[PDB]
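Asks: Residue numbers (the entry's author numbering), protein chains in the order written: chain B, 3 to 106; chain F, 323 to 502; chain A, 1 to 127. The beta-carbon is built from N, C-alpha and C at its ideal position, and this holds for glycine as well. Below is one structure. I have some questions about it.
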Amino acid sequence: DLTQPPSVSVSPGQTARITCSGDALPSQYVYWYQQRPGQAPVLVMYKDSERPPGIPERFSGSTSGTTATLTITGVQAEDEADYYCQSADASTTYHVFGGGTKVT
Amino acid sequence: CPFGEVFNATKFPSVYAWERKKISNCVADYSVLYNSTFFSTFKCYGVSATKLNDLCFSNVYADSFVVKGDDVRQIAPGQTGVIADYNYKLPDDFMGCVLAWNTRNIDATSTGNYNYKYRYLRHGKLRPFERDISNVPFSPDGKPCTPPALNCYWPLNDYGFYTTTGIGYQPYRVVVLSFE
Amino acid sequence: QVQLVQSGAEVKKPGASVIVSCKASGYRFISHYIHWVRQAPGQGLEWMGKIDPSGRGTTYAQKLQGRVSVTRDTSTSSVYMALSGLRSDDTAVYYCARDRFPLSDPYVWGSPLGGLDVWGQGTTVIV
Ligand SMILES: *[C@@H]1O[C@H](CO[C@@H]2O[C@@H](C)[C@@H](O)[C@@H](O)[C@@H]2O)[C@@H](O[C@@H]2O[C@H](CO)[C@@H](O[C@@H]3O[C@H](CO)[C@@H](O)[C@H](O)[C@@H]3O)[C@H](O)[C@H]2NC(C)=O)[C@H](O)[C@H]1NC(C)=O
Ligand SMILES: *[C@@H]1O[C@H](CO)[C@@H](O)[C@H](O)[C@H]1NC(C)=O
């Protein structure tokens, strides 16, 4: 079970920290997805610290114990999207999704 | 018993900050492990690894970490090195199974996987089944220090796993089952 | 050219079984897992189940077992999902998504599944 805050309200310029806590994550990766409203999600971070090509150099994942963290340094006006975190049940079965975070 | 929560877990820790996962209050099959031929060590001390389905233990502790290919042989009772001394020591009366398998396709990026750390300097030898997650600057004369300085080193070094290496430098995920 | 082409939109009755397809192309089909994720309108993402396309097994959600059934067709490079006995809560946009993990040699156990990469366009079904 992975929980996260429902909304983060940041003006353009500050730092948005989308935390994601789950008790079954000392040993599991967190995969972060953004979904602008209307279309499919886009994978933002994978394996807690790694960023695929096409994702700009503002996102920077972290994991401190049983708590993930995505950081948007220099938030622009096209970052208004829902951010979800992913994990498993400390096996690699029953992938779970977070509650979502509408970053504004 | 959940053995996928130990073996099929995605993120193993480093060898210096290893962790136990207690397995309790469940029926254990043990036969998902010795029916697989891809294990490269599977060395059991005390038990004979096929007579495990008729033994009821008090608790099973599963120590999970990642070592180098040539560092697997230091995970044994009585062995010594830089993994058995400073990082992870097994007791001389160890009753359990040491399982290891070659995770080159997971933990060896071709750029270099500098995320698994081992301790190469310490003041003394670890007691069995003990842990040292402290990262303090190591000075060999005992005084507290601050790098960069002469006779002053950080005690943790990186494995640095590469895809294009031999099987003595490839990453090997190690699960040490301890029975009581 | 990696892409997962799904089916079209549909309307159903509360109890009528639905079939949503996911045609794959470009990448080596039996390599990557194919996940199934739905999304209720106004709600967050919900993970239903996965499939290993080389017939090695299924896994479903813990509150959807006995209802969802996925299957694979290696010849057509397609993955179908069957949901039997829909309710009013099973109105969602149904996403077929890939896996960012090339599966290979036997199955190097310890692997990072998840990381849904090449998400499909989304089939919307309404009960
Ligand atoms: C660690 O995970 C691996 C694979 O991951 C699995 O993926 C799916 C297939 C689901 O089963 C998930 O639960 C799981 O995350 C496990 O390997 C799998 O083991 C099972 C049990 O033996 C295999 O099923 C059998 O396979 C034989 C040989 O093909 C068939 O004849 C049988 O009819 C039956 O299907 C399964 O094939 C195998 N899958 C892979 C990819 O190797 C592993 O057991 C698991 N370890 C633990 C301790 O849970
Ligand atoms: C392991 O193989 C033996 C062969 O005799 C079989 O009886 C047993 O059921 C197998 N275990 C599993 C978990 O498949």
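#1: Given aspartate 392(F), which residues of its chain have a CB within under 6 angstroms of its CB, disregarding the five upstream and five downstream residues?
#2: Alpha carbon to alpha carbon, how far is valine 46(B) from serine 62(B)? Give it in angstroms, no decimals.
#3: With a Cβ-Cβ cutoff of 8 angstroms, do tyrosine 33(B) and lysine 333(F) count as a contact?
#4: Classify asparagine 381(F) as helix, strand or coil using the three-state DSSP reduction.
#5: With distances taken Cα to Cα, identify the nearest neighbour of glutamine 3(A) among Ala24(A), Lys63(A) and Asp90(A).
#6: Within 7 angstroms: the Cβ of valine 354(F) and any heavy atom of ligand 1?
#7: Candidates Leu45(A), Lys12(A), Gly42(A) and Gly57(A): which alpha carbon is nearest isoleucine 30(A)'s?
#8: Measuring only the C-alpha atoms, how far is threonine 487(F) from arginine 495(F)?
#9: Name, please, each residue of chain A whose Cβ falls closer than 8 angstroms to the Cβ of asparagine 437(F).
#10: What residue does the beta strand (DSSP E) around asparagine 424(F) start on, and which one ends it?
#11: Pull up the DSSP beta-bridge partners for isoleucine 34(A), would you.
#12: In the DSSP assignment, the beta strand (DSSP E) including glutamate 341(F) goes from what residue to what residue?
#13: Quick check on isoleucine 126(A): does DSSP put it in helix, strand or coil?
#14: Between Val389(F), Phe364(F) and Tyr367(F), which has its C-alpha nearest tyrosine 436(F)'s C-alpha?
#15: Compute the minimum distance between the beta carbon of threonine 95(B) and the heavy atoms of ligand 1, and state whether it is under 7 angstroms.
#16: Among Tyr85(B), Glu59(B) and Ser51(B), whose alpha-carbon lies nearest the alpha-carbon of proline 39(B)?
#17: Should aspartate 73(A) be counted as a contact of ligand 1 given a C-beta to heavy atom distance under 7 angstroms?
#18: In chain B, which residues lie less than 7 angstroms from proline 112(A) when you measure between Cβ atoms?
#19: Of all Cβ atoms in chain B, is any one closer than 8 angstroms to the Cβ of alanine 61(A)?
#20: Give me the Cα-Cα distance between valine 498(F) and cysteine 22(A), rounded to the nearest whole angstrom.
#21: What does DSSP give as the partner residues of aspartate 463(F) in its beta bridges?
#22: Between the C-alpha atoms of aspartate 385(F) and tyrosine 60(A), what's the straight-line distance to the nearest angstrom?
#23: Taking the beta carbon of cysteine 378(F) as the centre, do at least 16 other beta carbons fall within 10 Å, making it buried, or is it exposed?
#24: Under the rule that 16 or more other beta-carbon atoms within 10 Å means buried, what is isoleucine 126(A), buried or exposed?
#25: Please find out if some non-hydrogen atom of ligand 1 comes closer than 7 angstroms to the beta-carbon of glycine 114(A).
#26: Check whether the Cβ atoms of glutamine 6(B) and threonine 21(B) lie closer than 8 angstroms to each other.
#27: Is the closest heavy atom of ligand 1 to the C-beta of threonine 363(F) under 7 angstroms?
#28: Between which two residues does the beta strand (DSSP E) holding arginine 441(F) run?
#29: Under a CB-based cut-off of 8 angstroms, is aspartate 105(A) close to chain F?
#30: Does ligand 2 have a heavy atom nearer than 7 angstroms to the CB of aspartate 376(F)?
#31: Check whether chain F comes within 8 angstroms of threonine 95(B), counting only Cβ atoms and requiring the distance to be less than that.
#32: Counting along the chain, where does the beta strand (DSSP E) carrying residue 269(F) start and finish?
#33: Expressed to the nearest angstrom, what Euclidean distance is found between the alpha-carbon atoms of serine 380(F) and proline 469(F)?
#34: Compute the minimum distance between the beta carbon of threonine 59(A) and the heavy atoms of ligand 1, and state whether it is under 7 angstroms.
#35: Could you please tell me which residues of the stretch 6-39 of chain B, in chain order, have their CB closer than 7 angstroms to any CB of chain A?
#36: Using 7 angstroms as the cut-off, classify the Cβ of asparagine 330(F) as near or not near the heavy atoms of ligand 1, replying yes or no.
Replies: Let me spell this out:
#1: Start at 1 with the first residue of the second sequence, and residue 392(F) comes out as number 70. Excluding positions up to five away in sequence, the list reads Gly490.
#2: Counting from one through the first sequence, the residue named residue 62(B) turns up at place 60. Counting from one through the first sequence, the residue named residue 46(B) turns up at place 44. In a straight line, the C-alpha of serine 62(B) is about 9 angstroms away from that of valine 46(B).
#3: Here residue 33(B) corresponds to residue number 31 of the first sequence, with the count starting at 1. Here residue 333(F) corresponds to residue number 11 of the second sequence, with the count starting at 1. For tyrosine 33(B) and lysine 333(F), no; Cβs fall outside 8 angstroms.
#4: Counting from 1 along the second sequence, the entry for residue 381(F) is found at position 59. Looking at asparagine 381(F) - three-state DSSP - the assignment turns out to be coil, as it is neither helix nor strand.
#5: Position 3 of the third sequence, counted from the first residue, corresponds to residue 3(A). Considering only alpha carbons, the answer is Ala24(A).
#6: As a position in the second sequence, residue 354(F) is number 32, starting the count at 1. Result yes, Cβ under 7 angstroms from ligand 1.
#7: Working through the third sequence from its first residue, we reach residue 30(A) at position 30. The candidate whose alpha carbon is nearest that of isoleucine 30(A) is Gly57(A).
#8: Reading the second sequence from its first residue, position 165 is the one you call residue 487(F). Reading the second sequence from its first residue, position 173 is the one you call residue 495(F). Answer to the nearest angstrom: the Cα atoms are 16 angstroms apart.
#9: Within the second sequence, the letter at position 115 stands for residue 437(F). Residues of chain A passing the Cβ test: none, with the nearest at roughly 13 angstroms.
#10: The count along the second sequence starts at 1 and reaches residue 424(F) at position 102. That run of the beta strand (DSSP E) goes 418-424.
#11: As a position in the third sequence, residue 34(A) is number 34, starting the count at 1. Note: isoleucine 34(A) sits in a beta bridge opposite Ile51(A).
#12: Taking the first residue of the second sequence as 1, we reach residue 341(F) at position 19. Its beta strand (DSSP E) spans residues 341-345.
#13: Numbered from 1 along the third sequence, position 126 holds the residue referred to as residue 126(A). The answer is strand: DSSP assigns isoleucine 126(A) an E or B state.
#14: Along the second sequence, one-based indexing puts residue 436(F) at 114. Looking at the Cα atoms, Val389(F) is the closest of the given residues.
#15: Locating residue 95(B) in the first sequence gives position 93, where the first residue counts as 1. For ligand 1, at least one heavy atom lies less than 7 angstroms from the Cβ of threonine 95(B).
#16: Within the first sequence, residue 39(B) is the residue found at index 37, counting from 1. The shortest Cα separation from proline 39(B) among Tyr85(B), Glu59(B) and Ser51(B) belongs to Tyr85(B).
#17: On the third sequence, residue 73(A) is found 73 positions in, with the first residue counted as 1. Checking the Cβ of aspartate 73(A) against ligand 1 gives no.
#18: If you number the third sequence from 1, residue 112(A) lands on position 112. Neighbours of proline 112(A) on chain B, chain order: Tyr31 and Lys49.
#19: Numbered from its first residue, the third sequence carries residue 61(A) at position 61. Output row for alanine 61(A): interface = yes.
#20: Counting from 1 along the second sequence, the entry for residue 498(F) is found at position 176. Counting from 1 along the third sequence, the entry for residue 22(A) is found at position 22. C-alpha separation (whole angstroms): 42 angstroms.
#21: Stepping through the second sequence from its first residue, residue 463(F) is reached at position 141. Beta-bridge pairing links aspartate 463(F) to no other residue.
#22: Translated into the one-based positions of the second sequence, residue 385(F) becomes position 63. Translated into the one-based positions of the third sequence, residue 60(A) becomes position 60. Going from the Cα of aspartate 385(F) to the Cα of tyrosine 60(A) covers about 29 angstroms.
#23: Taking the second sequence and counting its residues from 1, one reaches residue 378(F) at position 56. It is exposed - the Cβ of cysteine 378(F) has fewer than 16 other Cβ atoms within 10 Å.
#24: Counted from its first residue, the third sequence places residue 126(A) at position 126. Looking at its Cβ environment, which holds fewer than 16 other Cβ atoms inside 10 Å, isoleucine 126(A) is exposed.
#25: Taking the first residue of the third sequence as 1, we reach residue 114(A) at position 114. Outside the cutoff, so no.
#26: The residue you call residue 6(B) lines up with position 4 of the first sequence. The residue you call residue 21(B) lines up with position 19 of the first sequence. Cβ atoms of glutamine 6(B) and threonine 21(B): closer than 8 angstroms.
#27: Here residue 363(F) refers to the residue found at position 41 when the second sequence is read from its first residue. Not under cutoff, so the answer is no.
#28: The sequence position of residue 441(F) within the second sequence is 119, counting from 1. From DSSP, the beta strand (DSSP E) with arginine 441(F) extends over 439-441.
#29: One-based indexing of the third sequence puts residue 105(A) at position 105. Chain F contact via Cβ: present.
#30: Translated into positions along the second sequence, residue 376(F) becomes position 54. No, the beta carbon of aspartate 376(F) sits no closer than 7 angstroms to any heavy atom of ligand 2.
#31: In the first sequence, the residue the question calls residue 95(B) occupies position 93. Chain F, which has a Cβ nearer than 8 angstroms to the Cβ of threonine 95(B), makes this yes.
#32: Beyond the ends of chain F as shown, which are 323 and 502, falls residue 269(F); an answer cannot be given.
#33: Taking the first residue of the second sequence as 1, we reach residue 380(F) at position 58. Taking the first residue of the second sequence as 1, we reach residue 469(F) at position 147. Straight-line Cα distance between these residues: approximately 47 angstroms.
#34: By one-based count along the third sequence, residue 59(A) stands at place 59. Because some heavy atom of ligand 1 lies under 7 angstroms away, the Cβ of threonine 59(A) counts as near it: yes.
#35: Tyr31 and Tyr33
#36: Taking the first residue of the second sequence as position 1, residue 330(F) is located at position 8. Flag set: Cβ of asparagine 330(F) near ligand 1.
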